[PDB]
């Protein structure tokens, strides 16, 4: 559809594995907020949104319950087919051109995610690294798969090499994507 702007008010997801859900609003392909469904709270993705905007997280909980019901109804009238596992596509790049000694952020994009069950972690010289890691929610795509992005804040480098490690059922083994 051709438009100046597109918003998803919202992206509602429920799945049987977990089970789990996700509720978020998007505007031109970026995430405004998600609702933490167990803690009952809206988590805005920019300071400016946090300061000036307000979303009732009970809205999300109301909807997600409806998706859970709807999923039962569709399974009831069909042959109940489970999701097909896609092969996810991984890219690692930096937020800005890397100079040794100067703080930066590696970005791991994991695209064509379906179903939306994934693990994304980081390795430094082959060991697990958890300080400075964060990630988006599952971001919607118009083929109804998802993407997700993980970030590692770091101080490059001299002698430090990084991998983004991705686990998904559509892959045979964990996929390690080495950074440039």
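For the two forms, the rigid core is made up of the largest set of C-alpha atoms that agree within 1.5 Å on superposition. Positions refer to the first chain, counted from 1.
With 18-26 and 154-162 as candidates, the stretch whose CA atoms show the greater average offset from this form in 4 other deposited structures of this protein after a core fit is 154-162.
Of the two stretches examined, 123-131 and 29-37, the one with higher mean CA deviation in 4 other deposited structures of this protein after a rigid core fit is 123-131. When 101-109 is weighed against 67-75, 101-109 comes out higher, by mean CA B-factor as recorded in the entry.
The stretch 148-156 shows the higher mean C-alpha B-factor when 148-156 is compared against 51-59 in the entry. Per the PDB entry, 131 shows the highest C-alpha temperature factor of the residues 143, 131, 28, 41. Remark: residue 35 belongs to the lowest third of its chain, ranked by C-alpha B-factor as recorded. Annotation for residue 123: CA B-factor lies in the highest third of the chain's modelled residues.
When the modelled residues of the chain are ordered by C-alpha B-factor, residue 17 sits in the middle third.
In the deposited entry, the Cα temperature factor of residue 11 sits in the bottom third of values across the chain's modelled residues.
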